[PDB]
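S.K.: Okay, handing you the structure first.
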Amino acid sequence: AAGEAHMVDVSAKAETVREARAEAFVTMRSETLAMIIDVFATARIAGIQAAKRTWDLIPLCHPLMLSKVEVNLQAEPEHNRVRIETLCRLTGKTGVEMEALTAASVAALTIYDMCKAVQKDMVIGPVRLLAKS
Amino acid sequence: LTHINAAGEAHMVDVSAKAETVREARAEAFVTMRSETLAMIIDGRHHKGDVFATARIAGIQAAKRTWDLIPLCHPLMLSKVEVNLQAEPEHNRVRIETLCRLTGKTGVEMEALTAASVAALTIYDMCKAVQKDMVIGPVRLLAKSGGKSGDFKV
Amino acid sequence: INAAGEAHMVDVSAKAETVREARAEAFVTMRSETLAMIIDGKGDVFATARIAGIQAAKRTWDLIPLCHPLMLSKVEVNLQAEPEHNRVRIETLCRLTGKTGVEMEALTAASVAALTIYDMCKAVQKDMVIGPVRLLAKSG
Amino acid sequence: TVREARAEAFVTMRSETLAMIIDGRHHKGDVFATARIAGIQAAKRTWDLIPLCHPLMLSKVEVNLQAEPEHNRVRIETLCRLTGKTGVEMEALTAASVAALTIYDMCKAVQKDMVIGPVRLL
Amino acid sequence: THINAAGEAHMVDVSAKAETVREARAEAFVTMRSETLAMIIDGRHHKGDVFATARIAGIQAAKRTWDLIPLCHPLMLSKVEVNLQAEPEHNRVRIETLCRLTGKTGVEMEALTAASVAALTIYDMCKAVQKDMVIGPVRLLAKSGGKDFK
Amino acid sequence: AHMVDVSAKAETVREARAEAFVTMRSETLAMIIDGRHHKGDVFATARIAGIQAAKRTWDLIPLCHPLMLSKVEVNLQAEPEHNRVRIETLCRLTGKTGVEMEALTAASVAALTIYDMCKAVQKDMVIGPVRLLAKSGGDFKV
Ligand SMILES: Nc1nc2c(c(=O)[nH]1)N[C@H]1C(=O)[C@H]3OP(=O)(O)OC[C@H]3O[C@H]1N2
Ligand SMILES: Nc1nc2c(c(=O)[nH]1)N[C@H]1C(=O)[C@H]3OP(=O)(O)OC[C@H]3O[C@H]1N2
Ligand SMILES: Nc1nc2c(c(=O)[nH]1)N[C@H]1C(=O)[C@H]3OP(=O)(O)OC[C@H]3O[C@H]1N2
Ligand SMILES: Nc1nc2c(c(=O)[nH]1)N[C@H]1C(=O)[C@H]3OP(=O)(O)OC[C@H]3O[C@H]1N2
């Protein structure tokens, strides 16, 4: 299949409570954790906002109505990093995997934008998902 | 020394004073998967379609919404965007390399990273029916130009 | 200052799917001459304010960080000239069948229509005032 | 309550122009892929483009592109489908129009007087 | 072409080009039955003022051209005009738009998008009455960018 | 021609200051300071929200021009004595177009967020007044 974009038909599916949790990391130098925590709130909003626009960022995703989005951030001085864990949930025909992965990635991008001045090079990753319902 | 105000609060830094130079930034991303997961990409056997073309466009579009995605960034006019997708069977991964350039007052690290991130999120969306536990990463910056701040390479 | 840097979105999967409704209002006070500009010399002006408020309401989830994305079933925005008060009254109506109310949509519809009217008359009068913006009714 | 709608659009050009889409096999490459992605994206934003439309939860968006050298044009056909309270006509026409516009943008450099139309429901 | 030698899709760097006042005119048509055209004129379509609704829809679609059309450059429009006119002799509505800015890349897509989106809107207003409407033709009338046309 | 042809105007430093108020009951203004509003950090969310709104003004107000902002600041300040939150925004850029709508939209969406963050507690909060404080680019203040 060359040059084609097919969107999966979800009409036939049942309405179920679906759920997904992803995680993402922003690794940096130890000092670069000079930390205000509303720096996290900016990143927290960015993930929630990204989660709600996922159908618009990912070309083949469905418009969905999220029941809840939560974005948590943790600083791990022992590992030189910020840990993010996301949670998206709805009751519909479509899972919320991409929403969580997007919400974690953009929260990660946001922290990079906030600290980009101190360290030119920081490493975002890994980005993956813990479990889904 | 941040994207934050003097008080512990969020504002938008005034960039107007600085010099307007041609700026550039290149970033990279990796999508780690199974050998079988990468093999259906080369064969075009994922039911969702052309995975690289879709990830190419998505990142390009992602690039232009960066100021709109990253809450505090300045609106910018990208002059050039390149999103490169490459298959690496030997490491079980797709390597992604992006390139953003414009003539403005504020840097372009975020546009290049964002383009790289969504191309990765897209490649994931396109193949996730086959493998649910793929790993996105690392996401890094490879170079930056035009900035008054410390320029950077490799 | 507890809960600092924190952003919780209320969970709504537990609520019942019912028809929910919200009415909001807004006023834009101006000089009488500015209010005479619209009525005497109103369609192109009220329409812009009408449309802007309707599309704005359809974007409330994009504007209010912690609001739910919902699918609006009806959006009505009426504009009224009130010469006795040197002002323009806006009244909006939002309604759908879902788990989330449509309060913010109705409020946003009113706010943006207000801002739209402000932009339209901004050249004639510098010091126009928007307010009050308050909610009129809710059913849910 | 499965509802469905299909639209179509044409982007008429010179036979020389339509050959740049196929003699580089771009037609089953990125050029058609872009118009296909654009139209799908546009269809999911019909409510944001057309003032009096409702936001809808689409079950499917299809954008098929086919070259008709025989008529000097690219034929476009769209398909929108959902299970809900609102038909999806505007979504199909929007997907159809924007998908045609992307193709104009692609070949805009080659020909300055390309013509889009007709755009109609099926 | 507007894509890569690779056959890859990319956005071309146009920064080297001069910063000139570019302009674009496009026209578009929406053919309907005579009664449907008259309900626009009498303003008896229940949704509301069709031309005014379409005008605004077109203006705003123009400001979103780079965000709708995937490979186009982000631009800052200086002026957008959206003109609506009924032509009873042809059973149709004629749309004529105007875009212009001081930039390094043209504004054709901005005018064409405005014409199509004003046309989609006119369709959406009158759709309840008629499902037979045909949009077209949609074409470019002029360009005075740095890359002259008419 | 209701969308004004902004080119060609002089490229000048343009600035705008706007203000807005969200009146509430003292328990509501108290749970903001306590930060016992369930949705979260109210001022942060309203501060971020107002800022993005400034960058989206061109897309919300039909006849406004697309522009590129340089500075957006959103001030939230609690006024227990007046049972209200005062918002003051400041928008600046260098271009051909003024920034009044941005400052006003930012102030308005920040107000709308504050309403969103506290509305579970109080349904009858009242947003107003929303006005311009200053624009520089002739000049105006007061
Ligand atoms: N917004 C959004 N749209 C989606 C998916 C998604 O995760 N988010 N998964 C895609 C899939 O591959 C399938 O996964 P799923 O979770 O089984 O649900 C059906 C499909 O939805 C598809 N469309
Ligand atoms: N788009 C949108 N999203 C919303 C609310 C809203 O008014 N509009 N209210 C918020 C609430 O506090 C709750 O109020 P509610 O009326 O119980 O409805 C559910 C919730 O929706 C929440 N998210
Ligand atoms: N997104 C979207 N919104 C719409 C319509 C539509 O086709 N798409 N039709 C409009 C109509 O006039 C009616 O068409 P319909 O197919 O009868 O369904 C209900 C109405 O939805 C209205 N709003
Ligand atoms: N984004 C944006 N677009 C705008 C204005 C604005 O404040 N923001 N002012 C509007 C005006 O009324 C005029 O004000 P001005 O500051 O004289 O500049 C020209 C016009 O730009 C208009 N478009």
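Residue names in the structure tokens use chain letters A, B, ... in the order shown, residue numbers from 1 in each chain, and ligand numbers from 1 in the order shown.
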Once you count only C-alpha atoms, which residues of chain E turn out to be within 10 Å of chain B? Could you give them as a list in words?
M.R.: residues 4, 7, 8, 9, 10, 11, 12, 13, 14, 15, 16, 66, 67, 68, 69, 70, 71, 72, 73, 74, 75, 76, 104 and 105 of chain E
S.K.: List all protein, DNA and RNA residues that have an atom no more than 7 Å from any atom of ligand 2, counting only C-alpha atoms and all ligand atoms, and report them as a VMD selection string.
M.R.: (chain C and resid 10 12 60 to 61 66 to 70 99 to 105 140) or (chain F and resid 116 119 to 120)
S.K.: Please write the residues from the selection above to a file, keeping C-alpha atoms, as a compact mmCIF listing (two decimals), in the first residue's frame.
M.R.:
# COMPACT_ATOMS: atom_id res chain seq x y z
CA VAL C 10 -13.06 16.47 36.84
CA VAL C 12 -17.39 12.71 34.19
CA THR C 60 -14.71 26.42 24.64
CA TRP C 61 -12.78 23.20 25.36
CA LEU C 66 -9.74 22.07 32.06
CA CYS C 67 -13.11 21.97 30.24
CA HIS C 68 -14.35 18.78 28.59
CA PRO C 69 -14.54 18.39 24.83
CA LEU C 70 -18.27 18.17 24.13
CA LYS C 99 -22.35 14.20 30.68
CA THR C 100 -21.07 17.78 30.92
CA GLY C 101 -23.05 21.03 31.33
CA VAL C 102 -22.65 23.87 28.83
CA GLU C 103 -22.09 26.76 31.17
CA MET C 104 -18.73 27.80 29.88
CA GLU C 105 -19.84 27.59 26.28
CA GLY C 140 -28.97 19.87 34.34
CA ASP F 116 -14.36 27.70 35.41
CA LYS F 119 -17.94 27.57 39.50
CA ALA F 120 -18.60 24.35 41.45
S.K.: Which residues are close to region 42-49 of chain D, i.e. within 6 Å by only C-alpha atoms, leaving aside same-chain residues fewer than 6 positions away? Reply as a ChimeraX atom specification.
M.R.: /D:55,91,94-95
S.K.: Enumerate as an mmCIF file with C-alpha atoms, in the first residue's frame all residues of chain C assigned to helix (DSSP H, G or I) by DSSP on the backbone, naming them with the chain letters and numbers the document uses.
M.R.:
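So states_28.cif came out as:
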data_model
loop_
_atom_site.group_PDB
_atom_site.id
_atom_site.type_symbol
_atom_site.label_atom_id
_atom_site.label_comp_id
_atom_site.auth_asym_id
_atom_site.auth_seq_id
_atom_site.Cartn_x
_atom_site.Cartn_y
_atom_site.Cartn_z
ATOM 1 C CA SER C 32 -24.739 57.046 22.461
ATOM 2 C CA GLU C 33 -23.084 58.093 19.229
ATOM 3 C CA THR C 34 -21.375 54.728 18.973
ATOM 4 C CA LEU C 35 -24.687 53.014 19.697
ATOM 5 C CA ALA C 36 -26.208 55.160 16.991
ATOM 6 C CA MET C 37 -23.535 54.018 14.608
ATOM 7 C CA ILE C 38 -24.762 50.453 14.724
ATOM 8 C CA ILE C 39 -28.555 50.814 14.571
ATOM 9 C CA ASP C 40 -28.773 53.764 12.189
ATOM 10 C CA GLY C 43 -26.816 43.264 10.168
ATOM 11 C CA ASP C 44 -23.151 43.177 9.102
ATOM 12 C CA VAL C 45 -22.151 44.131 12.652
ATOM 13 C CA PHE C 46 -24.486 41.895 14.644
ATOM 14 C CA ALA C 47 -23.851 38.951 12.319
ATOM 15 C CA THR C 48 -20.090 39.068 12.883
ATOM 16 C CA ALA C 49 -20.731 39.154 16.611
ATOM 17 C CA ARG C 50 -23.257 36.340 16.209
ATOM 18 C CA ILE C 51 -20.992 34.067 14.255
ATOM 19 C CA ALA C 52 -17.924 34.715 16.336
ATOM 20 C CA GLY C 53 -19.801 33.751 19.508
ATOM 21 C CA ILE C 54 -21.170 30.610 17.955
ATOM 22 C CA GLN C 55 -17.810 29.362 16.697
ATOM 23 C CA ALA C 56 -16.216 30.507 19.949
ATOM 24 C CA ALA C 57 -18.677 28.463 21.967
ATOM 25 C CA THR C 60 -14.714 26.417 24.636
ATOM 26 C CA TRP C 61 -12.777 23.195 25.357
ATOM 27 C CA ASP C 62 -9.888 24.609 23.306
ATOM 28 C CA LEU C 63 -9.988 27.898 25.280
ATOM 29 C CA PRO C 83 -30.585 53.086 23.622
ATOM 30 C CA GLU C 84 -31.993 53.861 27.049
ATOM 31 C CA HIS C 85 -28.721 52.547 28.493
ATOM 32 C CA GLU C 103 -22.086 26.757 31.171
ATOM 33 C CA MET C 104 -18.732 27.804 29.882
ATOM 34 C CA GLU C 105 -19.843 27.595 26.284
ATOM 35 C CA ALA C 106 -22.704 29.997 26.941
ATOM 36 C CA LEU C 107 -20.360 32.284 28.849
ATOM 37 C CA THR C 108 -17.691 32.107 26.184
ATOM 38 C CA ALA C 109 -20.241 32.726 23.431
ATOM 39 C CA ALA C 110 -21.243 35.909 25.206
ATOM 40 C CA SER C 111 -17.684 36.972 25.899
ATOM 41 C CA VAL C 112 -16.422 36.621 22.324
ATOM 42 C CA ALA C 113 -19.537 38.230 20.772
ATOM 43 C CA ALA C 114 -18.828 41.070 23.193
ATOM 44 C CA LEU C 115 -15.209 41.231 22.139
ATOM 45 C CA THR C 116 -16.372 41.093 18.527
ATOM 46 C CA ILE C 117 -18.661 44.073 18.983
ATOM 47 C CA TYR C 118 -15.784 45.827 20.731
ATOM 48 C CA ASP C 119 -13.468 45.293 17.751
ATOM 49 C CA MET C 120 -16.172 46.597 15.376
ATOM 50 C CA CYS C 121 -16.595 49.920 17.188
#
S.K.: Taking only C-alpha atoms and all ligand atoms into account, list the residues no farther than 9 Å from ligand 4, as a PyMOL selection string.
M.R.: (chain C and resi 119-123) or (chain F and resi 3-6+9+14+16+54-59+61+63-68+96-104+135+137)
S.K.: Based on the selection just made, write N, CA and C atoms of those residues as a tab-separated table (two decimals), in the first residue's frame.
M.R.:
chain	number	residue	atom	x	y	z
C	119	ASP	N	-14.41	45.13	18.85
C	119	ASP	CA	-13.47	45.29	17.75
C	119	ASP	C	-14.12	46.12	16.64
C	120	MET	N	-15.42	45.91	16.44
C	120	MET	CA	-16.17	46.60	15.38
C	120	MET	C	-16.31	48.11	15.61
C	121	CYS	N	-16.38	48.52	16.87
C	121	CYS	CA	-16.60	49.92	17.19
C	121	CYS	C	-15.36	50.53	17.84
C	122	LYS	N	-14.25	49.81	17.82
C	122	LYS	CA	-13.05	50.20	18.55
C	122	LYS	C	-12.47	51.55	18.10
C	123	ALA	N	-12.67	51.88	16.83
C	123	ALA	CA	-12.12	53.10	16.21
C	123	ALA	C	-12.86	54.37	16.65
F	3	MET	N	-12.38	44.11	6.77
F	3	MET	CA	-11.07	43.76	7.33
F	3	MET	C	-10.05	44.76	6.78
F	4	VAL	N	-9.61	45.68	7.63
F	4	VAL	CA	-8.77	46.80	7.19
F	4	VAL	C	-7.40	46.40	6.64
F	5	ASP	N	-7.02	46.99	5.50
F	5	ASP	CA	-5.70	46.73	4.92
F	5	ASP	C	-4.61	47.40	5.74
F	6	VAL	N	-3.97	46.57	6.56
F	6	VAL	CA	-2.95	47.01	7.51
F	6	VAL	C	-1.62	47.31	6.81
F	9	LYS	N	1.64	50.01	6.90
F	9	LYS	CA	1.71	50.96	8.01
F	9	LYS	C	3.12	50.88	8.55
F	14	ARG	N	4.22	48.41	19.44
F	14	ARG	CA	2.85	48.62	19.84
F	14	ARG	C	2.63	47.86	21.13
F	16	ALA	N	-0.35	47.20	24.60
F	16	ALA	CA	-1.71	47.36	25.09
F	16	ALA	C	-1.85	46.82	26.51
F	54	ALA	N	-4.22	35.05	23.92
F	54	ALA	CA	-3.64	36.20	23.23
F	54	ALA	C	-3.09	35.77	21.85
F	55	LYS	N	-2.55	34.56	21.80
F	55	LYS	CA	-1.97	34.02	20.58
F	55	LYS	C	-3.04	33.43	19.67
F	56	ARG	N	-4.27	33.40	20.16
F	56	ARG	CA	-5.38	32.86	19.37
F	56	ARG	C	-6.42	33.94	19.06
F	57	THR	N	-6.14	35.19	19.39
F	57	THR	CA	-7.09	36.27	19.16
F	57	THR	C	-7.45	36.42	17.69
F	58	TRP	N	-6.45	36.29	16.83
F	58	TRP	CA	-6.66	36.44	15.40
F	58	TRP	C	-7.66	35.41	14.89
F	59	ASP	N	-7.73	34.27	15.57
F	59	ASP	CA	-8.54	33.14	15.12
F	59	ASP	C	-9.93	33.17	15.77
F	61	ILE	N	-11.52	36.41	16.89
F	61	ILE	CA	-12.20	37.62	16.44
F	61	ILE	C	-12.10	37.74	14.94
F	63	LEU	N	-12.55	39.74	12.39
F	63	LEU	CA	-11.95	40.77	11.56
F	63	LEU	C	-10.57	41.22	12.05
F	64	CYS	N	-10.01	40.51	13.02
F	64	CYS	CA	-8.66	40.84	13.49
F	64	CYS	C	-7.58	40.22	12.62
F	65	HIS	N	-6.44	40.89	12.53
F	65	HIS	CA	-5.33	40.43	11.70
F	65	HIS	C	-4.47	39.38	12.38
F	66	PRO	N	-3.89	38.48	11.59
F	66	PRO	CA	-2.90	37.56	12.15
F	66	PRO	C	-1.66	38.33	12.59
F	67	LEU	N	-1.22	38.20	13.83
F	67	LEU	CA	0.01	38.87	14.22
F	67	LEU	C	0.86	37.99	15.11
F	68	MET	N	2.13	38.37	15.22
F	68	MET	CA	3.08	37.68	16.09
F	68	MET	C	3.49	38.49	17.32
F	96	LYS	N	2.68	46.29	12.29
F	96	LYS	CA	1.82	47.32	11.76
F	96	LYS	C	0.46	47.32	12.44
F	97	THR	N	0.22	46.35	13.32
F	97	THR	CA	-1.09	46.26	13.97
F	97	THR	C	-1.06	46.34	15.50
F	98	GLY	N	-2.04	47.04	16.06
F	98	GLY	CA	-2.12	47.29	17.48
F	98	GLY	C	-2.47	46.02	18.21
F	99	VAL	N	-2.43	46.05	19.54
F	99	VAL	CA	-2.56	44.80	20.28
F	99	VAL	C	-3.74	44.82	21.26
F	100	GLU	N	-4.68	45.74	21.05
F	100	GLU	CA	-5.78	45.92	22.00
F	100	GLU	C	-6.67	44.71	22.15
F	101	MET	N	-6.95	44.05	21.04
F	101	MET	CA	-7.83	42.89	21.10
F	101	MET	C	-7.18	41.76	21.87
F	102	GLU	N	-5.87	41.58	21.71
F	102	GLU	CA	-5.12	40.56	22.44
F	102	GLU	C	-5.19	40.74	23.93
F	103	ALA	N	-4.95	41.96	24.39
F	103	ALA	CA	-4.97	42.24	25.81
F	103	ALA	C	-6.36	42.01	26.38
F	104	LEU	N	-7.37	42.33	25.58
F	104	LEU	CA	-8.75	42.19	26.01
F	104	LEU	C	-9.20	40.73	26.01
F	135	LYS	N	-3.00	51.82	25.50
F	135	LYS	CA	-2.39	51.31	24.27
F	135	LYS	C	-1.29	52.31	23.89
F	137	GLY	N	1.30	53.28	20.71
F	137	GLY	CA	1.79	53.03	19.37
F	137	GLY	C	1.26	53.99	18.32
S.K.: At a cut-off of 8 Å around ligand 1, and using only C-alpha atoms and all ligand atoms, what residues come up? Please write them as a short mmCIF file (atom, residue, chain, number, x, y, z; two decimals) with N, CA and C atoms, in the first residue's frame.
M.R.:
data_model
loop_
_atom_site.label_atom_id
_atom_site.label_comp_id
_atom_site.auth_asym_id
_atom_site.auth_seq_id
_atom_site.Cartn_x
_atom_site.Cartn_y
_atom_site.Cartn_z
N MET A 7 -8.41 5.15 7.37
CA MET A 7 -8.90 5.36 8.73
C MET A 7 -9.81 4.20 9.14
N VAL A 8 -9.53 3.58 10.28
CA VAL A 8 -10.27 2.40 10.71
C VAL A 8 -11.72 2.74 11.02
N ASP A 9 -12.64 1.92 10.51
CA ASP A 9 -14.06 2.10 10.75
C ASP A 9 -14.46 1.60 12.15
N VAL A 10 -14.97 2.50 12.98
CA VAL A 10 -15.31 2.14 14.35
C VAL A 10 -16.79 2.11 14.64
N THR A 54 -5.71 15.59 20.04
CA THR A 54 -4.98 14.47 19.43
C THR A 54 -5.55 14.10 18.04
N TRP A 55 -6.87 14.17 17.88
CA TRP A 55 -7.50 13.89 16.59
C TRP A 55 -7.04 14.90 15.55
N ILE A 58 -2.65 13.85 15.24
CA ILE A 58 -2.45 12.57 14.60
C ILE A 58 -3.49 12.36 13.50
N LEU A 60 -4.76 10.23 11.40
CA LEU A 60 -5.74 9.17 11.24
C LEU A 60 -6.54 8.88 12.49
N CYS A 61 -6.41 9.73 13.51
CA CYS A 61 -7.17 9.54 14.74
C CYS A 61 -8.58 10.09 14.66
N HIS A 62 -9.45 9.51 15.48
CA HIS A 62 -10.84 9.92 15.58
C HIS A 62 -11.06 11.08 16.52
N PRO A 63 -12.01 11.95 16.18
CA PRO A 63 -12.43 12.93 17.18
C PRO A 63 -13.10 12.18 18.33
N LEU A 64 -12.67 12.44 19.55
CA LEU A 64 -13.21 11.72 20.70
C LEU A 64 -13.62 12.70 21.80
N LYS A 93 -16.41 4.26 21.69
CA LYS A 93 -16.08 3.17 20.79
C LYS A 93 -14.59 3.11 20.52
N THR A 94 -13.85 4.11 21.00
CA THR A 94 -12.42 4.21 20.67
C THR A 94 -11.54 4.35 21.88
N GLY A 95 -10.46 3.56 21.94
CA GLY A 95 -9.50 3.64 23.03
C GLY A 95 -8.79 4.98 23.02
N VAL A 96 -8.03 5.24 24.07
CA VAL A 96 -7.42 6.55 24.26
C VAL A 96 -5.91 6.45 24.37
N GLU A 97 -5.33 5.53 23.62
CA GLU A 97 -3.89 5.30 23.65
C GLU A 97 -3.12 6.53 23.17
N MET A 98 -3.51 7.04 22.01
CA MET A 98 -2.80 8.16 21.41
C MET A 98 -2.89 9.43 22.22
N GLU A 99 -4.03 9.61 22.89
CA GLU A 99 -4.25 10.77 23.75
C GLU A 99 -3.23 10.81 24.89
N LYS B 48 -3.47 0.52 8.30
CA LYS B 48 -3.70 1.96 8.36
C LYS B 48 -3.09 2.75 7.17
N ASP B 125 0.88 5.44 16.04
CA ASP B 125 -0.56 5.28 15.76
C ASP B 125 -0.83 4.35 14.57
N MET B 126 0.05 4.42 13.57
CA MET B 126 -0.05 3.65 12.34
C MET B 126 0.26 2.17 12.53
N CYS B 127 1.09 1.85 13.51
CA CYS B 127 1.50 0.46 13.70
C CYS B 127 1.00 -0.17 14.99
N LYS B 128 0.38 0.61 15.86
CA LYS B 128 0.08 0.13 17.21
C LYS B 128 -0.92 -1.04 17.26
N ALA B 129 -1.59 -1.34 16.15
CA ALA B 129 -2.45 -2.51 16.11
C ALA B 129 -1.66 -3.81 16.23
#
S.K.: Using only C-alpha atoms and all ligand atoms, which residues have at least one atom no more than 7 Å from ligand 3? Output them as a PDB file with N, CA, C and O atoms, in the first residue's frame.
M.R.:
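selection-v5.pdb, written as the output of this step:
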ATOM      1  N   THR D  46     -14.814  20.237   9.947  1.00  0.00           N
ATOM      2  CA  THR D  46     -15.875  20.896   9.221  1.00  0.00           C
ATOM      3  C   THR D  46     -16.622  21.871  10.135  1.00  0.00           C
ATOM      4  O   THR D  46     -16.979  22.967   9.708  1.00  0.00           O
ATOM      5  N   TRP D  47     -16.814  21.492  11.398  1.00  0.00           N
ATOM      6  CA  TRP D  47     -17.515  22.343  12.360  1.00  0.00           C
ATOM      7  C   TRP D  47     -16.762  23.631  12.658  1.00  0.00           C
ATOM      8  O   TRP D  47     -17.360  24.644  13.001  1.00  0.00           O
ATOM      9  N   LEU D  52     -22.216  27.239  10.963  1.00  0.00           N
ATOM     10  CA  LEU D  52     -23.458  26.653  11.450  1.00  0.00           C
ATOM     11  C   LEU D  52     -23.458  25.126  11.499  1.00  0.00           C
ATOM     12  O   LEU D  52     -24.517  24.499  11.525  1.00  0.00           O
ATOM     13  N   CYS D  53     -22.278  24.519  11.463  1.00  0.00           N
ATOM     14  CA  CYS D  53     -22.186  23.073  11.622  1.00  0.00           C
ATOM     15  C   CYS D  53     -21.931  22.640  13.059  1.00  0.00           C
ATOM     16  O   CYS D  53     -21.338  23.373  13.841  1.00  0.00           O
ATOM     17  N   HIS D  54     -22.382  21.427  13.375  1.00  0.00           N
ATOM     18  CA  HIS D  54     -22.168  20.786  14.676  1.00  0.00           C
ATOM     19  C   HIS D  54     -20.853  19.999  14.634  1.00  0.00           C
ATOM     20  O   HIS D  54     -20.510  19.399  13.608  1.00  0.00           O
ATOM     21  N   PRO D  55     -20.123  19.972  15.750  1.00  0.00           N
ATOM     22  CA  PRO D  55     -18.989  19.048  15.892  1.00  0.00           C
ATOM     23  C   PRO D  55     -19.486  17.606  15.960  1.00  0.00           C
ATOM     24  O   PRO D  55     -20.398  17.336  16.732  1.00  0.00           O
ATOM     25  N   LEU D  56     -18.927  16.705  15.160  1.00  0.00           N
ATOM     26  CA  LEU D  56     -19.437  15.336  15.116  1.00  0.00           C
ATOM     27  C   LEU D  56     -18.365  14.275  15.364  1.00  0.00           C
ATOM     28  O   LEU D  56     -17.186  14.520  15.119  1.00  0.00           O
ATOM     29  N   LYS D  85     -26.781  11.557  15.533  1.00  0.00           N
ATOM     30  CA  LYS D  85     -27.940  12.437  15.338  1.00  0.00           C
ATOM     31  C   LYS D  85     -27.816  13.416  14.160  1.00  0.00           C
ATOM     32  O   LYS D  85     -28.751  14.176  13.885  1.00  0.00           O
ATOM     33  N   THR D  86     -26.676  13.434  13.477  1.00  0.00           N
ATOM     34  CA  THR D  86     -26.476  14.413  12.409  1.00  0.00           C
ATOM     35  C   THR D  86     -25.936  13.772  11.133  1.00  0.00           C
ATOM     36  O   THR D  86     -25.067  12.908  11.214  1.00  0.00           O
ATOM     37  N   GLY D  87     -26.468  14.150   9.967  1.00  0.00           N
ATOM     38  CA  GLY D  87     -25.930  13.655   8.705  1.00  0.00           C
ATOM     39  C   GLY D  87     -24.517  14.192   8.491  1.00  0.00           C
ATOM     40  O   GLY D  87     -24.064  15.070   9.225  1.00  0.00           O
ATOM     41  N   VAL D  88     -23.820  13.709   7.469  1.00  0.00           N
ATOM     42  CA  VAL D  88     -22.419  14.092   7.298  1.00  0.00           C
ATOM     43  C   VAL D  88     -22.105  14.643   5.921  1.00  0.00           C
ATOM     44  O   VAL D  88     -20.988  14.492   5.435  1.00  0.00           O
ATOM     45  N   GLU D  89     -23.061  15.347   5.326  1.00  0.00           N
ATOM     46  CA  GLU D  89     -22.880  15.888   3.984  1.00  0.00           C
ATOM     47  C   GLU D  89     -21.789  16.934   3.882  1.00  0.00           C
ATOM     48  O   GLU D  89     -20.964  16.894   2.980  1.00  0.00           O
ATOM     49  N   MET D  90     -21.784  17.875   4.812  1.00  0.00           N
ATOM     50  CA  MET D  90     -20.830  18.955   4.739  1.00  0.00           C
ATOM     51  C   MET D  90     -19.452  18.417   4.972  1.00  0.00           C
ATOM     52  O   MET D  90     -18.488  18.944   4.428  1.00  0.00           O
ATOM     53  N   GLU D  91     -19.356  17.385   5.803  1.00  0.00           N
ATOM     54  CA  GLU D  91     -18.071  16.792   6.102  1.00  0.00           C
ATOM     55  C   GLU D  91     -17.494  16.162   4.829  1.00  0.00           C
ATOM     56  O   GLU D  91     -16.320  16.333   4.523  1.00  0.00           O
TER      57      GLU D  91
ATOM     58  N   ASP E 124     -24.170  24.950   2.897  1.00  0.00           N
ATOM     59  CA  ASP E 124     -24.663  24.544   4.225  1.00  0.00           C
ATOM     60  C   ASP E 124     -25.880  25.330   4.686  1.00  0.00           C
ATOM     61  O   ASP E 124     -26.734  24.795   5.396  1.00  0.00           O
ATOM     62  N   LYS E 127     -28.747  23.997   2.233  1.00  0.00           N
ATOM     63  CA  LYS E 127     -28.777  22.559   2.007  1.00  0.00           C
ATOM     64  C   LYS E 127     -30.141  21.963   2.334  1.00  0.00           C
ATOM     65  O   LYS E 127     -30.618  21.071   1.633  1.00  0.00           O
ATOM     66  N   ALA E 128     -30.763  22.448   3.403  1.00  0.00           N
ATOM     67  CA  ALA E 128     -32.023  21.884   3.855  1.00  0.00           C
ATOM     68  C   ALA E 128     -33.082  21.977   2.776  1.00  0.00           C
ATOM     69  O   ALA E 128     -33.890  21.080   2.614  1.00  0.00           O
TER      70      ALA E 128
END
S.K.: With 7 Å as the limit and counting only C-alpha atoms, what residues in chain B lie close to chain F? Please list them as a VMD selection string.
M.R.: chain B and resid 10 to 16 71 74 to 76
S.K.: If you run DSSP on this backbone, which residues of chain F come out as strand (DSSP E), and could you give them as a PyMOL selection string?
M.R.: chain F and resi 12-23+71-79+84-95+126-136+140-141
S.K.: Quick one: residues within 10 Å of residue 133 (chain E), only C-alpha atoms counted, chain neighbours fewer than 3 positions away excluded, as a VMD selection string?
M.R.: (chain D and resid 119 to 121) or (chain E and resid 30 to 33 36 92 122 to 123 126 to 127 129 to 130 136)
S.K.: Which of these residues is nearest to residue 49 (chain A), using only C-alpha atoms: B:70, B:55, B:6, B:142?
M.R.: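 That would be B:70, the residue with the smallest distance to residue 49 (chain A).
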S.K.: Dump as number ranges by chain the residues of chain B that approach chain A to within 6 Å, counting only C-alpha atoms.
M.R.: B: 2-3, 9, 44, 48-50, 70, 122, 135-140
S.K.: If we count only C-alpha atoms and set the cut-off at 8 Å, which residues sit around residue 76 (chain C), ignoring sequence neighbours fewer than 4 positions away in its own chain? Please answer as an mmCIF file with C-alpha atoms, in the first residue's frame.
M.R.:
data_model
loop_
_atom_site.group_PDB
_atom_site.id
_atom_site.type_symbol
_atom_site.label_atom_id
_atom_site.label_comp_id
_atom_site.auth_asym_id
_atom_site.auth_seq_id
_atom_site.Cartn_x
_atom_site.Cartn_y
_atom_site.Cartn_z
ATOM 1 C CA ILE C 54 -21.170 30.610 17.955
ATOM 2 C CA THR C 92 -26.593 33.295 24.400
ATOM 3 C CA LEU C 93 -28.073 29.796 24.579
ATOM 4 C CA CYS C 94 -26.223 26.494 24.600
#
